[PDB]
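Have a look at the structure below before the remarks.
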Ligand code: SF4
Ligand code: SF4
Ligand code: SF4
Ligand code: SF4
Ligand code: FES
Ligand SMILES: [K+]
Ligand SMILES: [Zn+2]
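Chains as they are written, first to last, in the authors' numbering: chain G, 6 to 693; chain D, 277 to 353; chain W, 15 to 128; chain S, 14 to 96; chain Q, 9 to 133; chain I, 71 to 176; chain q, 98 to 145; chain R, 1 to 95; chain C, 8 to 213.
Structure, rendered in structure tokens:
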């Protein structure tokens with residue numbers, strides 16, 4: 006009813022009021038040329054490459070900024086429009102450097118490509134060119150600013166998406182320059198994204214420099230495991246080698262951004278790798294051996310133990326196929342001690358109800374909320390793309406954000422309620438004045454960080470935060486289908502492990518130390534040989550030699566997330582799968598196959614022989630684990646809340662202090678990033 | 277430019293190997309006849325279409341002009 | 015579901031063509047072993063022929079069966095008329111291909127392929 | 014003996030209505046009586062409701078709960094606990 | 009004359025593909041993601057079918073990337089997901105289909121850069 | 071003339087090569103320069119078409135005047151960067167004069 | 098070259114060599130790139 | 001800048017050399033490892049810095065159309081020199 | 008305009024008029040007629056019409072397309088009928104060319120055109136060999152280009168460039184043997200397409 010009719014080259018199209026000319030054109034499959042316009046940034050209108058003729062109007066309009074008026078006929082291919090593009094392209098190239106052979110953008114450059122499609126084929130510029138000095142903005146983004154076309158995308162991204170106002174323009178006219186004025190590093194958890202949005206080779210990836218050309222890389226669409234957001238990515242490979250990581254647009258997750266850790270830690274996949282099975286020799290040293298020999302040693306010890314004598318700890322980057330294979334194997338020796346490194350309180354419902362440990366509102370639901378209460382978390386570093394989604398709501402929906410915990414910088418102003426866990430009881434009782442904010446809110450969102458649950462009083466904190474979300478629904482002020490309670494995870498493997506029925510934390514192992522321990526990519530050092538009997542047989546399966554491997558009796562080289570097709574579930578409970586970009590190095594093998602092979606040598610053959618069959622198994626345990634890209638809702642918050650009150654645990658007096666307080670703590674948090682030379686440069690850069 | 281040169285088409289009468297042999301020999305003679313006209317009527321000018329979106333620019337242009345370098349880069353990749 | 019036939023109008027007619035082809039192949043093996051001076055026995059040659067037929071036993075489309083017979087007849091023509099050489103005839107027996115492992119463990123030991 | 018219980022059901026299908034009612038009204042009591050028994054409740058759209066019981070050494074049996082009523086769901090869970 | 013055939017269309021036995029490269033492969037049917045380095049969307053119009061990636065190793069002599077996968081470079085193009093699914097079915101390849109991702113319509117407004125009382129006001133141009 | 075390599079690892083030669091006879095890898099050199107770490111030509115894949123030297127923007131890769139380099143083994147015709155640089159140092163005197171005589175036609 | 102000598106360069110071979118195929122000076126191809134993947138080295142001391 | 005390894009094998013300008021336990025060096029037994037001795041990285045470093053009297057200089061590598069694409073180098077920083085991205089020649093603004 | 012190929016409207020009209028002429032006379036088989044901007048006339052027909060349409064174009068007094076220039080196929084996997092069969096004919100009398108196109112799938116025979124043009128014999132063998140299209144009533148349908156015993160049809164878009172088997176001499180069996188193909192250097196796939204539309208005139212409605 007509100008729609009108005011406009012014409013694109015005579016074709017009628019119905020558009021909402023406020024639609025720009027450029028957006029009207031894309032509704033009929035026309036992409037207007039652009040440089041300064043990005044649909045996730047504020048409109049700028051300065052490059053003028055989008056100028057388009059409106060029938061009967063003498064002046065061309067900037068399609069990216071001009072709202073379309075009813076009855077307009079947009080002439081996207083008329084003579085006036087074509088000559089406008091040729092003129093603007095000519096001005097863009099007048100001072101641009103003859104750099105294409107040495108410029109990393111070459112082959113995937115919007116300036117090159119729109120010059121070929123919309124520009125002239127020659128030059129009439131007979132003068133000398135501008136040259137601009139380079140700015141150093143850190144170890145990640147290389148600047149060759151003579152290539153800059155002054156589109157200001159980087160400036161807008163930095164201010165709007167990253168919430169950092171360190172980039173700007175200095176000077177005037179032809180000598181206007183983009184930079185920081187002073188010498189200053191642009192180090193943000195989202196900084197690497199300015200490489201993608203810069204249309205030219207002015208901003209390029211320092212680690213990637215000179216290594217490849219775009220036409221020769223193979224693209225593998227996969228998932229990021231550096232956190233629990235499940236950012237969609239593309240793995241660029243060439244001749245069997247991973248060359249870089251790029252974002253893959255998923256509007257409900259990472260819209261088209263990734264964090265610097267997701268972008269640049271891939272080089273850690275080339276260091277400290279486990280390539281061969283190893284066993285201890287007569288001198289107690291790890292020495293390479295065959296797969297046959299290594300698995301025979303493990304199978305013998307496995308066949309001689311039962312029940313609590315066998316335990317396993319799953320690390321942060323473990324996939325669901327390996328998680329269920331290991332669970333099935335220890336279950337066949339009647340062991341149920343399947344543990345994760347990351348704690349989650351088993352009080353009350355525990356992991357009985359998915360809604361107890363999921364981000365129930367979903368990441369996209371943040372854009373619908375009106376108040377967000379962050380509790381004991383620093384989402385900026387725990388879930389950078391989740392925090393970016395908060396700032397988007399803060400910027401566009403006037404979202405009100407409050408934090409209970411340390412007063413960290415979140416790139417947007419928020420109301421700090423303090424760090425004491427007692428504020429939760431104040432809010433639940435109604436004493437705190439913020440309880441009146443939640444009471445009025447129609448779509449509140451209470452977010453508790455998984456990092457807060459690692460405290461000893463975690464069960465109390467979860468109960469306290471659960472009580473608040475319970476009263477908000479008792480006020481009946483929420484719609485009904487709207488969910489208030491949310492857990493924000495930081496570990497890629499955590500949600501899948503809870504779904505499969507693992508025991509969160511390693512409390513069980515500490516209670517009943519096993520005689521045989523499987524470390525499945527576990528590198529948190531939660532359990533060391535000091536906590537185990539003197540003869541404990543430790544088997545380490547993983548892809549990096551880091552913390553777990555040096556203490557193991559037997560080492561089984563596994564595959565990294567770029568080397569297998571494996572299932573991961575993000576903090577929302579959304580199951581996603583990776584694809585093989587390259588095969589594992591050396592003798593390393595797919596993780597679920599190692600356990601499947603081990604089960605046969607131990608005379609306990611598991612009932613699945615292919616990837617499809619192990620995923621049929623995953624469906625028998627938790628059907629949502631094979632619903633790829635789907636978000637299956639979880640209900641029964643009432644039942645969980647009732648159980649959480651049955652046992653009262655007191656809150657510790659310690660303030661809520663996030664593990665990552667500053668940018669220096671963000672870069673290294675797992676085996677892959679700890680092995681990355683790029684992440685080491687970032688840490689050195691921000692601490693010096 | 278074949279419409280601009282003069283030459284005769286040899287035609288056989290028996291459709292056998294000997295006539296096809298004679299046609300080929302006579303076609304060689306007519307080829308020399310055409311070559312003579314090509315040498316005399318060769319005009320001046322450029323040798324490839326002056327459209328750098330199809331034919332690569334001259335190397336000197338490629339090394340001086342931004343548009344020419346872009347088009348050289350894209351035509352050869 | 016109406017389609018143009020190749021030769022057979024149903025599986026019964028298609029199966030008659032299959033049996034005629036099998037008979038032609040069965041009778042030609044003794045000559046092939048002799049003319050090509052093969053080092054296989056006639057039994058091996060006929061066992062191979064039977065193997066090639068059997069792997070296609072599950073087909074229920076008369077058009078697919080028709081094409082399989084058409085290709086089978088061409089293969090027999092190449093053999094009978096000695097268009098093939100000894101190398102072409104022996105390519106059915108993969109004499110230089112070391113057996114690939116079949117069980118899960120053996121495939122696990124050597125590489126990543128399923 | 015028994016080691017684990019899993020209950021799969023849909024969030025909307027009428028065939029899972031009896032399972033949905035059982036959880037809504039009687040799962041809390043079942044969990045109080047069985048403090049240390051994993052009872053994994055896992056909803057997924059458009060699945061046939063089902064009960065899984067895992068016993069010692071990996072033995073597993075499953076009972077379909079399609080179109081069951083809350084009482085039949087109780088009875089189905091009555092059998093598993095004794096088994 | 010036309011005959012009646014009711015069986016599923018299957019050509020696996022007449023395509024000449026070796027058995028290992030029919031039964032053990034996994035075709036991926038999808039619309040390629042936009043290369044985030046560029047704003048053009050013209051490489052996101054058609055459906056694609058690729059196969060599972062397999063081992064590449066270094067040639068001992070030169071260090072070149074060797075392969076034994078005959079399908080490593082095979083990429084087919086389809087107008088619709090249905091066409092791609094139909095082609096995989098008759099060739100006997102098991103497959104996964106990923107639904108096309110469309111960028112959802114944004115609400116853009118230049119005037120919001122200068123808001124009187126909202127946070128959308130820009131501090132620089 | 072200073073001795074610095076002309077090749078800047080742009081990979082235009084590799085892209086245009088009709089036979090895929092060229093294999094290149096590159097990284098920043100110790101002094102930060104953009105240079106190749108691998109530049110191989112399989113001389114038994116090559117069709118000696120000259121497209122690589124047309125595509126090169128800095129006259130780095132050329133087809134020289136030598137045609138008397140038959141070998142006794144296949145492996146000897148799999149040129150790596152060291153071999154190709156040695157060819158350039160061996161033949162530059164002639165190559166430069168030939169380029170001088172023909173560059174105005176290019 | 099006695100009338101138009103070639104331009105001199107420091108890197109140009111001062112001593113020409115003929116075809117060396119079949120001699121101990123023949124060219125032998127090899128990969129010019131360094132190892133890509135670095136393996137983890139286990140500790141030298143014992144500790145299981 | 002050619003050096004030998006502990007095995008005596010010469011290291012290439014790309015840093016390549018077979019390590020002690022690599023069987024692949026058997027290919028050089030009875031023959032030789034082709035190595036180019038004119039390391040470009042060292043040859044370019046021997047070139048002197050050119051002193052110029054402007055903020056911006058251009059480089060085409062010499063020889064005009066026989067050099068490289070012509071680029072313009074900014075000399076505003078006195079901390080270091082301006083280096084041509086194509087040929088490695090260095091420039092410095094005088095005083 | 009020196010660089011732009013000149014149009015020829017006289018030929019465009021003549022061919023358009025003859026296109027209608029053919030479609031009026033053979034409505035039973037003609038599905039589409041079009042003339043390209045460089046003046047080539049294409050008749051698209053139902054596969055049943057091969058013999059009648061080709062016979063009419065060869066024998067009719069206003070056609071007299073006596074020469075079969077080429078007969079080939081194109082594989083388009085996205086189509087239900089993936090194989091497009093193309094006949095290029097030449098009329099010496101009228102100094103004109105015409106293209107006739109039909110379609111088929113893997114299991115549907117096409118009628119052999121050897122009765123119309125004896126030139127079709129080997130072309131149809133090549134289409135059988137390279138594409139696997141069966142021609143009915145061919146005097147001698149068999150492979151023509153591929154090696155004896157070769158399996159598959161190489162020109163199909165889903166046939167790999169390097170095939171499945173490669174040959175070598177084996178000393179133990181003293182003959183040439185076939186083995187699964189391994190490559191010392193894999194063919195390097197290039198993604199060359201620009202993400203920006205080149206030709207607006209051909210944009211497909213969304
Ligand atoms: S930004 Fe684009 S046009 Fe400019 S030098 Fe780089 S590739 Fe060429
Ligand atoms: S550096 Fe890149 S993104 Fe920033 S203004 Fe310049 S061209 Fe635009
Ligand atoms: S001359 Fe050889 S290396 Fe150069 S482009 Fe042609 S085939 Fe490739
Ligand atoms: S030889 Fe020339 S074209 Fe090839 S990579 Fe080097 S600079 Fe580029
Ligand atoms: S895209 Fe519209 S002016 Fe830049
Ligand atoms: K860029
Ligand atoms: Zn220079």
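The C-beta atom is built at its ideal place from N, Cα and C for all residues, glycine as well.
May I have the straight-line CA-CA distance separating residue i from residue j, to the nearest angstrom?
{"i": "residue 556 of chain G", "j": "residue 21 of chain R", "result": "27 Å"}
{"i": "residue 145 of chain C", "j": "residue 619 of chain G", "result": "51 Å"}
{"i": "residue 293 of chain D", "j": "residue 299 of chain D", "result": "10 Å"}
{"i": "residue 617 of chain G", "j": "residue 104 of chain Q", "result": "11 Å"}
{"i": "residue 175 of chain G", "j": "residue 104 of chain G", "result": "24 Å"}
Which residue from the options puts its Cα closest to that of residue i?
{"i": "residue 575 of chain G", "options": "G:637, G:550 and G:624", "result": "G:637"}
{"i": "residue 173 of chain C", "options": "C:162, C:161 and C:189", "result": "C:189"}
{"i": "residue 66 of chain G", "options": "G:47, G:116, G:26 and G:104", "result": "G:26"}
{"i": "residue 113 of chain q", "options": "I:127, I:114, I:100 and I:157", "result": "I:157"}
{"i": "residue 528 of chain G", "options": "G:554, G:510 and G:503", "result": "G:554"}
{"i": "residue 63 of chain G", "options": "G:497, G:243 and G:79", "result": "G:79"}
{"i": "residue 48 of chain C", "options": "C:177, C:122 and C:40", "result": "C:40"}
{"i": "residue 226 of chain G", "options": "Q:127, Q:109 and Q:120", "result": "Q:109"}
{"i": "residue 155 of chain C", "options": "W:95, W:80 and W:118", "result": "W:95"}
Could you check if residue i is buried or exposed, using at least 16 other CB atoms within 10 Å of its CB as the buried criterion?
{"i": "residue 137 of chain I", "result": "exposed"}
{"i": "residue 65 of chain Q", "result": "exposed"}
{"i": "residue 104 of chain W", "result": "buried"}
{"i": "residue 208 of chain C", "result": "exposed"}
{"i": "residue 48 of chain W", "result": "exposed"}
From the DSSP output, read off the bridge partner residues of residue i.
{"i": "residue 72 of chain G", "result": "G:25"}
{"i": "residue 55 of chain Q", "result": "Q:86"}
{"i": "residue 187 of chain C", "result": "C:172"}
{"i": "residue 6 of chain Q", "result": "Not covered by the structure: residue 6 of chain Q. The range shown for chain Q is 9 to 133."}
{"i": "residue 293 of chain G", "result": "G:283"}
{"i": "residue 92 of chain C", "result": "C:80 and C:109"}
I want to know whether the stretch 188 to 207 of chain G touches the stretch 158 to 174 of chain C - three or more CB-CB distances under 8 Å. no
Between the stretch 91 to 109 of chain G and the stretch 50 to 62 of chain G, are three or more C-beta pairs nearer than 8 Å? yes
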